[PDB]
Amino acid sequence: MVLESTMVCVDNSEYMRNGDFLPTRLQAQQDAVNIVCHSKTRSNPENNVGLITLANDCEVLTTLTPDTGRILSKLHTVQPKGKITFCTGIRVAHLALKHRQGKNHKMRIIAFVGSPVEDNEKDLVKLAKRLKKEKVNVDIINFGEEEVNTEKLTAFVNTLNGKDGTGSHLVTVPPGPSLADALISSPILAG
Amino acid sequence: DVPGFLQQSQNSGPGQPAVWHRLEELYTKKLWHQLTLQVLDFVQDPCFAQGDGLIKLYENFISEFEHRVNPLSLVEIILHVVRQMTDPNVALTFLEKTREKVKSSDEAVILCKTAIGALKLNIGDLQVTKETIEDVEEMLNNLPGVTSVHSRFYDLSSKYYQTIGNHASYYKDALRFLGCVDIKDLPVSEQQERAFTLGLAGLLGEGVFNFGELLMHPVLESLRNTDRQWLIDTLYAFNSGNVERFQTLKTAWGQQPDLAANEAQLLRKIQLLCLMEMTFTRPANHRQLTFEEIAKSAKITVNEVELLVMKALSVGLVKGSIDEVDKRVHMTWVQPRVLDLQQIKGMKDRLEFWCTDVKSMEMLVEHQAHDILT
Amino acid sequence: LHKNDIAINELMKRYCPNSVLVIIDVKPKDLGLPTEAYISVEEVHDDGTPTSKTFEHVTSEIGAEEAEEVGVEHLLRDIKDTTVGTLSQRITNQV
C-alpha cells in the first residue's frame, strides 16, 4: 500500500467554541481525525499518527503509533490555554519527523488553524523556504476566520509548494451549515 | 432578546454610535471574543458614565450566559459597575452570583476573593479582611507567578498600608512591587505619589535598616528625575552613611506628621549604620578600633555607648563581642548588602594577591616535590 | 545550561514528581567532580523578581554498593586504594 506518516495539529484556543459557527467544532474535526485515521487504517494500518497542539508550549499527547486505541482516549483534555504559535509549532513537527520508526514512510504534515497568524511575511516565506528545502508535504487547513481569508497566504502556499505535478493541495472552507468532514474529504488528501 | 436588543442598541448618545457601529457589527457576527474586546475598549475610553447603566447590565447578562470568554473580564467590568454605582450592599450578592455561575476549569477564586477583600477594605471590616487576605496569599504557590494578581494584592496591601497597624509588611511587598516592574507605559504622574508613599513607607519601615536596597534598582532613581531631589539626596545620604547630623536633622524636621514620635527610633536605626560602615571600611591594617570615632560621629556621650552596643547586639546584625580590659573596641563579621566600590577594588586586589600567592607557593613546592618524590 | 531546560523539566514536573537535574561534560578534561546534583524547587526571591524554577546545588558522592567496586578495580588495575603511608598522602599534598 502507501507508506507515509500523518501529523495532525489541533487548535486548543477558545475561538473554536464561538457561537456563530459550529458549536465547539473541536469535536467535529475530532470526528474528522477519527474517520480519516480509520480510513488510513482500512488502507494501510501500518501508518502512525502523532498529536500535538499549536500553543506556546509544545506538548505531545501521543507519540506516533499504528494503534489509535489509546489515541482516541488521548483526544480529550485539550487544555484550552494559550492563543497561537507558528514557527516552533512547525519546528516541533517537521524536525521531529526523523523520530519515526519506518524510514520508507513519506513525510506528511497537516494543520488546523483557527487563529490569525501573528508572524509577519518574512517568517512565513523563510519557513516556507525551509519546508521547500527539506521537501515535506504540507496541507494548510483553516477553520474559521476574522480578517480576509487569503491575502499573503496565497503567495505563502505558492512559495511553499514545489513539484506542481501531483503536489500538495490547498483547502479553503467558507462559512456554512454543513460540517467540515465531507468538505475536507473533497480533496485527494483524504481517503 | 437578540431581535429586541436592536431597539436600545440603535438609540444612543452623540458620540456613542461611533463605537456602537463596530459593536453591533461584532454583535451580528456573533463573535464573543471580539465582543469582549470591544467591551474592554469601551471601558478604557473616558465615558461619561451616565447612560451606561443599561449596557453594563446587558453585557453582564451576556457574559453570564455566554460561558465562553474569560470571566475575569466580567469581574473587571462588574468592578467598574460597583465603582460607578458605589453600592456595597448588592456587591456581595453580585460577586457571589459570579462565583456561583462560573464552573471549575481554571481557578479565578483568587481574583474573586481579591475583589471581595478589596471591596471589604473599607472602614466596615478590617480584621476578617486581613484574615481572608492571608488566605488569598496562602492560596496559590503554584506556577502562575504572573504577579499581576499579586500586584492587585499589592494594591490591597496599600489599602492595608492606609492602616498604621503594620508598616513592615507593606515594605516586604514593596520589594515584590520593585521586582515586578515591567515597563513605563503606566502614567508617571501616578508614579510620583507612588514613589512618594514608597519613600515614606521605606523611611518609616522598621523591618529594614539600610535604604540602599531601595536605591539599588535603577528604575526608581530614573523615575525620580522629574521629582524634586530632596528625597534622593537624603536617601543617598542614608545609603552612603551620614558623617554629619545636619542634613539628617533637616530631613527629620522635613516631614512634620508622624515623624516626630518615630524620630528617635529612626536615630536608633541609623546609629548602627555608621557602625557597620566603619567595620566594613577597612578589611585589614589594624581592624582594632575605639569608641572615640563612634562617639564623634554619633555625637553621643561615653555613657550611652554601652546601651548603644547593647541594642546593636539586641538586633542581632552584629556578633561583635569585645574581650578588652583596657579601653578598646573589637569588630566582627558584617554584611556588605547594597554595594561598595572601594571594597570591589579591594576584592579584586586581595583576590589577585591571594591567587598569585597560592600559585607561587604551589609552583615553588611542586617544583622540587615532583622531582624528588613524584 | 540552556534556557529551554525548564520547559524540558516541566514535563517530568507535571507527569512525575519533582526531578533532579545533573550536569556533566562531554569531554572528561575536568579534574573536578563531573556530577552536579541540582534539585528543582520554587524559592521566594528577595529582589521581588517573578517566581520561576531555580536550580539549587546539592552535594553528592561517587560510590558503589558491592560488586561494582570489584568490577572497577579489576577493569582498572591502575588506581590505588587509600593505603595510608608516604606516597599516597604526599601525592595528594602535591597535586
# chains A, B, ... in the order shown; residues from 1 in each chain; ligands from 1
$ interface_residues --of "chain A" --to "chain B" --cutoff "8 Å" --atoms "only C-alpha atoms" --output "ChimeraX atom specification"
/A:14-15,17-20
$ closest_atom_pairs --of "chain C" --to "chain A" --cutoff "12 Å" --atoms "only C-alpha atoms" --output "Markdown table"
| residue | atom | partner | partner_atom | distance |
| --- | --- | --- | --- | --- |
| C:4 | CA | A:57 | CA | 10.7 |
| C:6 | CA | A:57 | CA | 11.4 |
| C:7 | CA | A:57 | CA | 7.9 |
| C:8 | CA | A:59 | CA | 10.1 |
| C:10 | CA | A:57 | CA | 10.1 |
| C:11 | CA | A:59 | CA | 8.2 |
| C:12 | CA | A:59 | CA | 11.7 |
| C:14 | CA | A:59 | CA | 11.3 |
| C:15 | CA | A:61 | CA | 11.7 |
$ write_last_selection --atoms "N, CA, C and O atoms" --output "mmCIF file, in the first residue's frame"
data_model
loop_
_atom_site.group_PDB
_atom_site.id
_atom_site.type_symbol
_atom_site.label_atom_id
_atom_site.label_comp_id
_atom_site.auth_asym_id
_atom_site.auth_seq_id
_atom_site.Cartn_x
_atom_site.Cartn_y
_atom_site.Cartn_z
ATOM 1 N N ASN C 4 15.865 26.467 27.764
ATOM 2 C CA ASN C 4 14.764 25.562 27.445
ATOM 3 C C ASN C 4 14.657 24.403 28.434
ATOM 4 O O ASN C 4 13.664 23.670 28.446
ATOM 5 N N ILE C 6 14.085 24.365 31.504
ATOM 6 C CA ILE C 6 12.955 24.496 32.417
ATOM 7 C C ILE C 6 11.700 23.906 31.775
ATOM 8 O O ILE C 6 10.869 23.301 32.453
ATOM 9 N N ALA C 7 11.584 24.064 30.459
ATOM 10 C CA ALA C 7 10.452 23.523 29.718
ATOM 11 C C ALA C 7 10.613 22.021 29.522
ATOM 12 O O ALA C 7 9.630 21.280 29.493
ATOM 13 N N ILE C 8 11.859 21.578 29.385
ATOM 14 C CA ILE C 8 12.150 20.155 29.266
ATOM 15 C C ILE C 8 11.849 19.440 30.580
ATOM 16 O O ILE C 8 11.289 18.344 30.591
ATOM 17 N N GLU C 10 9.833 20.607 32.833
ATOM 18 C CA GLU C 10 8.442 20.881 33.181
ATOM 19 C C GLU C 10 7.552 19.663 32.941
ATOM 20 O O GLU C 10 6.590 19.433 33.673
ATOM 21 N N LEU C 11 7.885 18.885 31.915
ATOM 22 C CA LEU C 11 7.129 17.684 31.576
ATOM 23 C C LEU C 11 7.169 16.678 32.723
ATOM 24 O O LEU C 11 6.128 16.203 33.185
ATOM 25 N N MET C 12 8.375 16.364 33.184
ATOM 26 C CA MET C 12 8.552 15.444 34.299
ATOM 27 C C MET C 12 8.135 16.093 35.615
ATOM 28 O O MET C 12 7.967 15.414 36.625
ATOM 29 N N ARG C 14 5.318 17.764 35.683
ATOM 30 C CA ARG C 14 3.881 17.530 35.621
ATOM 31 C C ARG C 14 3.549 16.057 35.838
ATOM 32 O O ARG C 14 2.903 15.696 36.822
ATOM 33 N N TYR C 15 3.993 15.214 34.910
ATOM 34 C CA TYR C 15 3.686 13.787 34.954
ATOM 35 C C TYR C 15 4.280 13.101 36.183
ATOM 36 O O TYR C 15 3.585 12.372 36.891
#
$ select_by_dssp --residues "stretch 29-66 of chain A" --states "strand (DSSP E or B)" --output "list in words"
residues 49, 50, 51, 52, 53, 62, 63, 64 and 65 of chain A
$ write_last_selection --atoms "N, CA and C atoms" --output "compact mmCIF listing (two decimals), in the first residue's frame"
# COMPACT_ATOMS: atom_id res chain seq x y z
N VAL A 49 0.20 7.86 13.62
CA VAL A 49 -0.33 9.22 13.72
C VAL A 49 0.05 9.88 15.04
N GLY A 50 0.74 11.01 14.95
CA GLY A 50 1.12 11.78 16.12
C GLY A 50 0.14 12.90 16.41
N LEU A 51 0.19 13.43 17.63
CA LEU A 51 -0.72 14.50 18.03
C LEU A 51 -0.02 15.57 18.86
N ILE A 52 -0.18 16.83 18.46
CA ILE A 52 0.38 17.96 19.19
C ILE A 52 -0.44 19.21 18.88
N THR A 53 -0.34 20.23 19.73
CA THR A 53 -1.12 21.44 19.55
C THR A 53 -0.30 22.59 18.97
N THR A 62 0.32 12.06 22.36
CA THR A 62 0.58 10.67 21.99
C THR A 62 1.66 10.59 20.91
N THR A 63 2.67 9.76 21.14
CA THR A 63 3.71 9.52 20.15
C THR A 63 3.10 8.76 18.97
N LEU A 64 3.73 8.86 17.80
CA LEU A 64 3.23 8.21 16.60
C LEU A 64 3.12 6.70 16.79
N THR A 65 1.93 6.17 16.57
CA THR A 65 1.67 4.74 16.74
C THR A 65 0.62 4.25 15.74
$ closest_residue --among "C:31, C:54, C:19, C:25" --to "residue C:95" --atoms "only C-alpha atoms"
C:31
$ interface_residues --of "chain C" --to "chain B" --cutoff "12 Å" --atoms "only C-alpha atoms" --output "list in words"
residues 10, 13, 14, 41, 42, 43, 44, 45, 46, 47, 48, 49, 50, 51, 52, 53, 86, 87, 88, 89, 90, 91, 92, 93, 94 and 95 of chain C
$ write_last_selection --atoms "C-alpha atoms" --output "short mmCIF file (atom, residue, chain, number, x, y, z; two decimals), in the first residue's frame"
data_model
loop_
_atom_site.label_atom_id
_atom_site.label_comp_id
_atom_site.auth_asym_id
_atom_site.auth_seq_id
_atom_site.Cartn_x
_atom_site.Cartn_y
_atom_site.Cartn_z
CA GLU C 10 8.44 20.88 33.18
CA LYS C 13 7.46 18.13 36.75
CA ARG C 14 3.88 17.53 35.62
CA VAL C 41 12.29 23.94 43.56
CA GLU C 42 10.48 27.28 43.65
CA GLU C 43 12.12 29.78 46.01
CA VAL C 44 11.00 33.27 47.01
CA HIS C 45 13.30 35.91 45.52
CA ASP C 46 14.43 38.82 47.69
CA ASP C 47 14.65 41.36 44.85
CA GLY C 48 10.99 40.78 44.02
CA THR C 49 11.51 39.09 40.65
CA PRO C 50 8.65 36.81 39.47
CA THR C 51 8.70 33.25 40.82
CA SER C 52 10.49 30.83 38.49
CA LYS C 53 12.19 27.43 38.61
CA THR C 86 54.14 8.27 52.45
CA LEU C 87 53.43 8.27 48.70
CA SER C 88 49.63 8.08 48.88
CA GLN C 89 49.47 11.10 51.18
CA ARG C 90 52.23 13.15 49.56
CA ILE C 91 50.67 12.74 46.11
CA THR C 92 47.54 14.44 47.44
CA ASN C 93 49.65 17.02 49.30
CA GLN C 94 51.27 17.81 45.95
CA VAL C 95 48.50 17.77 43.34
#
$ atom_distance --atom1 "atom CA of residue B:196" --atom2 "atom CA of residue B:231"
8.9 Å
$ residues_around --residues "stretch 73-83 of chain B" --least-positions-apart "3" --cutoff "10 Å" --atoms "only C-alpha atoms" --output "PyMOL selection string"
chain B and resi 36-37+39-40+43+49+52-53+56-57+59-64+69-70+86-91+94-95+98-99+108+111-112+115-116+119
$ write_last_selection --atoms "N, CA, C and O atoms" --output "short mmCIF file (atom, residue, chain, number, x, y, z; two decimals), in the first residue's frame"
data_model
loop_
_atom_site.label_atom_id
_atom_site.label_comp_id
_atom_site.auth_asym_id
_atom_site.auth_seq_id
_atom_site.Cartn_x
_atom_site.Cartn_y
_atom_site.Cartn_z
N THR B 36 -16.08 40.98 23.67
CA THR B 36 -15.42 41.26 24.94
C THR B 36 -14.32 42.30 24.76
O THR B 36 -14.17 43.21 25.58
N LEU B 37 -13.55 42.17 23.68
CA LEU B 37 -12.51 43.14 23.36
C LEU B 37 -13.10 44.53 23.16
O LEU B 37 -12.55 45.52 23.63
N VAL B 39 -15.86 45.57 24.44
CA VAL B 39 -16.31 46.00 25.75
C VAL B 39 -15.17 46.62 26.55
O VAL B 39 -15.32 47.70 27.11
N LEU B 40 -14.03 45.94 26.58
CA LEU B 40 -12.85 46.44 27.28
C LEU B 40 -12.37 47.75 26.67
O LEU B 40 -11.92 48.65 27.39
N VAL B 43 -14.73 50.42 27.93
CA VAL B 43 -14.45 50.78 29.32
C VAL B 43 -13.18 51.62 29.40
O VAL B 43 -13.09 52.56 30.20
N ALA B 49 -20.22 57.91 31.93
CA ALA B 49 -20.78 57.05 32.97
C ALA B 49 -22.16 57.54 33.43
O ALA B 49 -22.40 57.73 34.62
N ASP B 52 -24.79 54.41 30.76
CA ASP B 52 -24.11 53.13 30.57
C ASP B 52 -24.66 52.07 31.50
O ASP B 52 -24.27 50.90 31.43
N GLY B 53 -25.58 52.47 32.37
CA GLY B 53 -26.19 51.56 33.33
C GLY B 53 -26.91 50.40 32.67
O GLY B 53 -27.01 49.31 33.23
N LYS B 56 -24.10 48.04 30.89
CA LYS B 56 -23.36 47.31 31.91
C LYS B 56 -24.11 46.05 32.32
O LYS B 56 -23.53 44.97 32.40
N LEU B 57 -25.41 46.20 32.57
CA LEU B 57 -26.25 45.08 32.96
C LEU B 57 -26.43 44.10 31.80
O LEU B 57 -26.43 42.88 32.00
N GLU B 59 -24.32 43.60 29.14
CA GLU B 59 -23.07 42.89 28.96
C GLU B 59 -22.79 41.95 30.13
O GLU B 59 -22.11 40.93 29.98
N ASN B 60 -23.33 42.29 31.30
CA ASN B 60 -23.22 41.42 32.47
C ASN B 60 -23.97 40.11 32.22
O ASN B 60 -23.41 39.03 32.40
N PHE B 61 -25.23 40.23 31.81
CA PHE B 61 -26.05 39.06 31.50
C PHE B 61 -25.42 38.23 30.38
O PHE B 61 -25.27 37.01 30.51
N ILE B 62 -25.05 38.90 29.29
CA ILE B 62 -24.39 38.24 28.16
C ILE B 62 -23.18 37.45 28.62
O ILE B 62 -23.03 36.28 28.29
N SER B 63 -22.32 38.09 29.41
CA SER B 63 -21.14 37.44 29.96
C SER B 63 -21.51 36.29 30.89
O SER B 63 -20.74 35.35 31.07
N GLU B 64 -22.71 36.36 31.47
CA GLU B 64 -23.17 35.30 32.36
C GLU B 64 -23.59 34.05 31.60
O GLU B 64 -23.18 32.94 31.96
N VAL B 69 -16.04 33.23 27.06
CA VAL B 69 -14.93 34.15 27.28
C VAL B 69 -14.50 34.15 28.75
O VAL B 69 -15.26 33.76 29.63
N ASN B 70 -13.27 34.58 28.99
CA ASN B 70 -12.70 34.65 30.34
C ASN B 70 -13.55 35.51 31.27
O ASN B 70 -13.72 36.70 31.03
N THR B 86 -21.37 52.55 43.41
CA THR B 86 -20.96 52.67 44.81
C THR B 86 -22.00 52.08 45.76
O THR B 86 -22.43 52.74 46.71
N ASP B 87 -22.41 50.84 45.49
CA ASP B 87 -23.39 50.16 46.32
C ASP B 87 -22.85 48.83 46.82
O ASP B 87 -23.01 47.80 46.16
N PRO B 88 -22.21 48.85 48.00
CA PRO B 88 -21.61 47.66 48.61
C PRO B 88 -22.64 46.63 49.07
O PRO B 88 -22.29 45.47 49.30
N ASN B 89 -23.90 47.05 49.19
CA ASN B 89 -24.96 46.17 49.65
C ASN B 89 -25.23 45.01 48.69
O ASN B 89 -25.25 43.85 49.10
N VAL B 90 -25.43 45.34 47.42
CA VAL B 90 -25.70 44.33 46.40
C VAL B 90 -24.41 43.79 45.79
O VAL B 90 -24.44 42.86 44.98
N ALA B 91 -23.29 44.37 46.19
CA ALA B 91 -21.98 43.96 45.69
C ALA B 91 -21.67 42.52 46.08
O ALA B 91 -21.16 41.75 45.27
N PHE B 94 -23.81 40.20 43.99
CA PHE B 94 -23.31 40.14 42.63
C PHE B 94 -22.06 39.27 42.52
O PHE B 94 -21.96 38.41 41.65
N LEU B 95 -21.10 39.51 43.42
CA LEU B 95 -19.86 38.75 43.44
C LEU B 95 -20.12 37.27 43.71
O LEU B 95 -19.50 36.40 43.10
N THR B 98 -21.46 35.74 40.61
CA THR B 98 -20.39 35.49 39.64
C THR B 98 -19.57 34.27 40.04
O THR B 98 -19.14 33.50 39.18
N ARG B 99 -19.36 34.09 41.34
CA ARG B 99 -18.63 32.94 41.84
C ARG B 99 -19.42 31.65 41.64
O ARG B 99 -18.84 30.59 41.38
N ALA B 108 -10.30 31.09 39.31
CA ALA B 108 -10.38 32.54 39.37
C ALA B 108 -10.72 33.00 40.78
O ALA B 108 -10.86 34.20 41.04
N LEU B 111 -8.72 35.90 42.34
CA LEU B 111 -9.09 37.26 41.93
C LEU B 111 -10.48 37.62 42.44
O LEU B 111 -10.77 38.79 42.68
N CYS B 112 -11.33 36.61 42.60
CA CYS B 112 -12.66 36.83 43.15
C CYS B 112 -12.56 37.27 44.61
O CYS B 112 -13.17 38.26 45.01
N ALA B 115 -11.16 40.71 44.82
CA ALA B 115 -12.18 41.74 44.63
C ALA B 115 -13.04 41.90 45.88
O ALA B 115 -13.31 43.02 46.31
N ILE B 116 -13.47 40.78 46.44
CA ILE B 116 -14.25 40.78 47.67
C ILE B 116 -13.52 41.50 48.80
O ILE B 116 -14.07 42.38 49.45
N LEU B 119 -13.18 45.26 48.17
CA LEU B 119 -14.43 45.96 48.47
C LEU B 119 -14.71 45.97 49.97
O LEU B 119 -15.45 46.83 50.46
#
$ select_by_dssp --residues "chain C" --states "alpha helix (DSSP H)" --output "list in words"
residues 5, 6, 7, 8, 9, 10, 11, 12, 13, 14, 67, 68, 69, 70, 71, 72, 73, 74, 75, 76, 86, 87, 88, 89, 90, 91, 92, 93 and 94 of chain C
$ write_last_selection --atoms "N, CA and C atoms" --output "CSV table (one decimal), in the first residue's frame"
chain,number,residue,atom,x,y,z
C,5,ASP,N,15.7,24.2,29.3
C,5,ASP,CA,15.7,23.1,30.2
C,5,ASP,C,14.6,23.2,31.2
C,6,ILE,N,14.1,24.4,31.5
C,6,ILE,CA,13.0,24.5,32.4
C,6,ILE,C,11.7,23.9,31.8
C,7,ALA,N,11.6,24.1,30.5
C,7,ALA,CA,10.5,23.5,29.7
C,7,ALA,C,10.6,22.0,29.5
C,8,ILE,N,11.9,21.6,29.4
C,8,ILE,CA,12.2,20.2,29.3
C,8,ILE,C,11.8,19.4,30.6
C,9,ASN,N,12.2,20.1,31.7
C,9,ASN,CA,12.0,19.5,33.0
C,9,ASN,C,10.5,19.7,33.5
C,10,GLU,N,9.8,20.6,32.8
C,10,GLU,CA,8.4,20.9,33.2
C,10,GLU,C,7.6,19.7,32.9
C,11,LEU,N,7.9,18.9,31.9
C,11,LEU,CA,7.1,17.7,31.6
C,11,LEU,C,7.2,16.7,32.7
C,12,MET,N,8.4,16.4,33.2
C,12,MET,CA,8.6,15.4,34.3
C,12,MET,C,8.1,16.1,35.6
C,13,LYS,N,8.0,17.4,35.6
C,13,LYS,CA,7.5,18.1,36.8
C,13,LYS,C,5.9,18.0,36.8
C,14,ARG,N,5.3,17.8,35.7
C,14,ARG,CA,3.9,17.5,35.6
C,14,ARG,C,3.5,16.1,35.8
C,67,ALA,N,29.5,-5.3,44.2
C,67,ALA,CA,30.3,-5.9,43.1
C,67,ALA,C,30.9,-4.9,42.1
C,68,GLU,N,30.3,-3.7,42.1
C,68,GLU,CA,30.8,-2.7,41.2
C,68,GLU,C,32.2,-2.3,41.5
C,69,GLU,N,32.5,-2.2,42.8
C,69,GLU,CA,33.9,-1.9,43.2
C,69,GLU,C,34.8,-2.9,42.7
C,70,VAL,N,34.5,-4.2,42.8
C,70,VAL,CA,35.3,-5.3,42.3
C,70,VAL,C,35.5,-5.2,40.8
C,71,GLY,N,34.4,-4.9,40.1
C,71,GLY,CA,34.4,-4.8,38.6
C,71,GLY,C,35.3,-3.7,38.2
C,72,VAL,N,35.2,-2.5,38.8
C,72,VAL,CA,36.0,-1.4,38.5
C,72,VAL,C,37.5,-1.6,38.8
C,73,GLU,N,37.8,-2.2,40.0
C,73,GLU,CA,39.1,-2.5,40.4
C,73,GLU,C,39.8,-3.5,39.5
C,74,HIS,N,39.0,-4.4,39.0
C,74,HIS,CA,39.6,-5.4,38.1
C,74,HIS,C,39.8,-4.9,36.7
C,75,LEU,N,38.9,-4.1,36.2
C,75,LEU,CA,39.0,-3.5,34.9
C,75,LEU,C,40.1,-2.4,34.8
C,76,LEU,N,40.4,-1.8,36.0
C,76,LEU,CA,41.5,-0.8,36.0
C,76,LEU,C,42.9,-1.4,36.2
C,86,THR,N,53.4,7.1,53.0
C,86,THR,CA,54.1,8.3,52.5
C,86,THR,C,53.6,8.7,51.1
C,87,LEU,N,53.7,7.9,50.1
C,87,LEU,CA,53.4,8.3,48.7
C,87,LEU,C,52.0,8.6,48.5
C,88,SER,N,51.1,7.9,49.1
C,88,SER,CA,49.6,8.1,48.9
C,88,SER,C,49.2,9.4,49.4
C,89,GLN,N,49.8,9.8,50.6
C,89,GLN,CA,49.5,11.1,51.2
C,89,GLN,C,50.2,12.3,50.5
C,90,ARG,N,51.4,12.1,50.1
C,90,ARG,CA,52.2,13.2,49.6
C,90,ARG,C,51.8,13.5,48.1
C,91,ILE,N,51.2,12.5,47.4
C,91,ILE,CA,50.7,12.7,46.1
C,91,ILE,C,49.5,13.7,46.2
C,92,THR,N,48.6,13.5,47.2
C,92,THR,CA,47.5,14.4,47.4
C,92,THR,C,48.1,15.8,47.9
C,93,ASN,N,49.0,15.8,48.8
C,93,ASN,CA,49.6,17.0,49.3
C,93,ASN,C,50.4,17.8,48.2
C,94,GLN,N,50.7,17.1,47.1
C,94,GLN,CA,51.3,17.8,45.9
C,94,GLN,C,50.2,18.3,45.0
$ residues_around --residues "residue B:249" --least-positions-apart "3" --cutoff "12 Å" --atoms "only C-alpha atoms" --output "PyMOL selection string"
chain B and resi 234+237+242+244-246+252-255+259-260+263-264+266-267
$ write_last_selection --atoms "C-alpha atoms" --output "PDB file, in the first residue's frame"
ATOM      1  CA  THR B 234      18.646  62.084  51.880  1.00  0.00           C
ATOM      2  CA  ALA B 237      22.827  60.107  52.286  1.00  0.00           C
ATOM      3  CA  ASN B 242      25.929  60.255  57.401  1.00  0.00           C
ATOM      4  CA  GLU B 244      27.030  64.933  59.540  1.00  0.00           C
ATOM      5  CA  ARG B 245      23.832  65.205  61.587  1.00  0.00           C
ATOM      6  CA  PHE B 246      22.780  68.475  59.942  1.00  0.00           C
ATOM      7  CA  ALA B 252      13.967  64.826  60.390  1.00  0.00           C
ATOM      8  CA  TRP B 253      12.167  68.170  60.535  1.00  0.00           C
ATOM      9  CA  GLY B 254      11.277  67.870  56.854  1.00  0.00           C
ATOM     10  CA  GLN B 255       8.117  65.818  57.333  1.00  0.00           C
ATOM     11  CA  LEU B 259       7.931  61.569  62.032  1.00  0.00           C
ATOM     12  CA  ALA B 260       8.272  63.187  65.460  1.00  0.00           C
ATOM     13  CA  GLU B 263      12.397  60.242  65.034  1.00  0.00           C
ATOM     14  CA  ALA B 264      14.329  58.755  67.961  1.00  0.00           C
ATOM     15  CA  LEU B 266      14.999  56.232  63.298  1.00  0.00           C
ATOM     16  CA  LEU B 267      18.060  57.563  65.117  1.00  0.00           C
TER      17      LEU B 267
END
$ decode --residues "stretch 171-188 of chain A" --atoms "N, CA and C atoms" --output "JSON list (two decimals), in the first residue's frame"
[["chain", "number", "residue", "atom", "x", "y", "z"],
["A", 171, "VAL", "N", -6.72, 23.75, 1.02],
["A", 171, "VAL", "CA", -8.10, 23.56, 1.45],
["A", 171, "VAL", "C", -8.66, 24.83, 2.07],
["A", 172, "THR", "N", -9.65, 25.42, 1.41],
["A", 172, "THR", "CA", -10.30, 26.64, 1.90],
["A", 172, "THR", "C", -11.78, 26.41, 2.14],
["A", 173, "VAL", "N", -12.19, 26.49, 3.41],
["A", 173, "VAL", "CA", -13.58, 26.27, 3.78],
["A", 173, "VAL", "C", -14.26, 27.57, 4.23],
["A", 174, "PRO", "N", -15.32, 27.97, 3.52],
["A", 174, "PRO", "CA", -16.10, 29.16, 3.86],
["A", 174, "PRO", "C", -17.09, 28.89, 4.99],
["A", 175, "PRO", "N", -17.81, 29.93, 5.46],
["A", 175, "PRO", "CA", -18.87, 29.69, 6.45],
["A", 175, "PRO", "C", -20.06, 28.95, 5.86],
["A", 176, "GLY", "N", -20.67, 28.07, 6.64],
["A", 176, "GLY", "CA", -21.83, 27.32, 6.18],
["A", 176, "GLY", "C", -22.36, 26.35, 7.21],
["A", 177, "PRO", "N", -23.62, 25.93, 7.05],
["A", 177, "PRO", "CA", -24.29, 24.99, 7.96],
["A", 177, "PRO", "C", -23.71, 23.58, 7.88],
["A", 178, "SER", "N", -23.11, 23.24, 6.74],
["A", 178, "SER", "CA", -22.53, 21.92, 6.54],
["A", 178, "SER", "C", -21.30, 21.71, 7.42],
["A", 179, "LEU", "N", -21.00, 20.45, 7.71],
["A", 179, "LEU", "CA", -19.85, 20.12, 8.55],
["A", 179, "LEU", "C", -18.54, 20.28, 7.78],
["A", 180, "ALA", "N", -17.43, 20.06, 8.47],
["A", 180, "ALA", "CA", -16.11, 20.18, 7.86],
["A", 180, "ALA", "C", -15.62, 18.85, 7.30],
["A", 181, "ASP", "N", -16.36, 17.78, 7.57],
["A", 181, "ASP", "CA", -15.91, 16.43, 7.26],
["A", 181, "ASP", "C", -15.93, 16.16, 5.76],
["A", 182, "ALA", "N", -17.13, 16.17, 5.18],
["A", 182, "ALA", "CA", -17.28, 15.97, 3.74],
["A", 182, "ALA", "C", -16.61, 17.09, 2.95],
["A", 183, "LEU", "N", -16.36, 18.21, 3.61],
["A", 183, "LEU", "CA", -15.71, 19.35, 2.98],
["A", 183, "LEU", "C", -14.20, 19.15, 2.85],
["A", 184, "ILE", "N", -13.57, 18.59, 3.88],
["A", 184, "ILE", "CA", -12.15, 18.28, 3.81],
["A", 184, "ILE", "C", -11.91, 16.92, 3.17],
["A", 185, "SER", "N", -12.99, 16.18, 2.94],
["A", 185, "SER", "CA", -12.90, 14.88, 2.29],
["A", 185, "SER", "C", -12.94, 15.03, 0.77],
["A", 186, "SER", "N", -13.21, 16.25, 0.31],
["A", 186, "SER", "CA", -13.28, 16.54, -1.12],
["A", 186, "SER", "C", -11.93, 16.39, -1.85],
["A", 187, "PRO", "N", -10.83, 16.93, -1.28],
["A", 187, "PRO", "CA", -9.56, 16.73, -2.00],
["A", 187, "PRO", "C", -9.08, 15.28, -1.99],
["A", 188, "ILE", "N", -7.95, 15.03, -2.63],
["A", 188, "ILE", "CA", -7.40, 13.68, -2.74],
["A", 188, "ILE", "C", -6.58, 13.32, -1.50]]
